[PDB]
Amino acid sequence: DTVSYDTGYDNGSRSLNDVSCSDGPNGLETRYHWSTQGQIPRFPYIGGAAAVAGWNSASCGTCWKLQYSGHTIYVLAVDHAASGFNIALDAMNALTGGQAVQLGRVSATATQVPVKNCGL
C-alpha cells in the first residue's frame, strides 16, 4: 500500500470537524468526545486511509499496522484517503528512518489490527 505524509495531521489544534471522522454515530467526536487531533491518545500517529470512504465511515477509528524497511508503526484512521494512507509527517519519519520528506511516498505493508495497538 502507498503511504505518504500530510502535515495537516501534525497539527494538534486541528478540529476533528476538518477530517471525515468527526460527528455522526461512527465519528470520533461522538464515540470518544475528542474535538481536536491533539486530544487523540497517541497523536500524531494518525492519518487518512482508503478504508474511510468519508463522513460516518464504519472504518473511522480503526487501527492500522504499517511496515516499511524494517520499521513498524501503528496509526489510527481519522480521515478519508483516495488510496492507501496519508499520515502525519512525524509518523512517516518514524516509519522511514527520518527520510519522509526525501522519499515523499513509500510502498508499505498494511494490516488492520485491534485498537489496543493504537493505545485505545
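Start at 1 with the first residue shown and count on from there.
When the C-alpha B-factors of 73-81 and 91-99 are averaged, 91-99 comes out higher. The residue among 62, 30, 39, 86 whose C-alpha atom has the highest B-factor in the PDB entry is 30. Among the modelled residues of its chain, residue 23 has a C-alpha B-factor that falls in the middle third, as given in the PDB entry.
For residue 51, the recorded CA B-factor ranks within the middle third of the chain. Only modelled residues enter the ranking.
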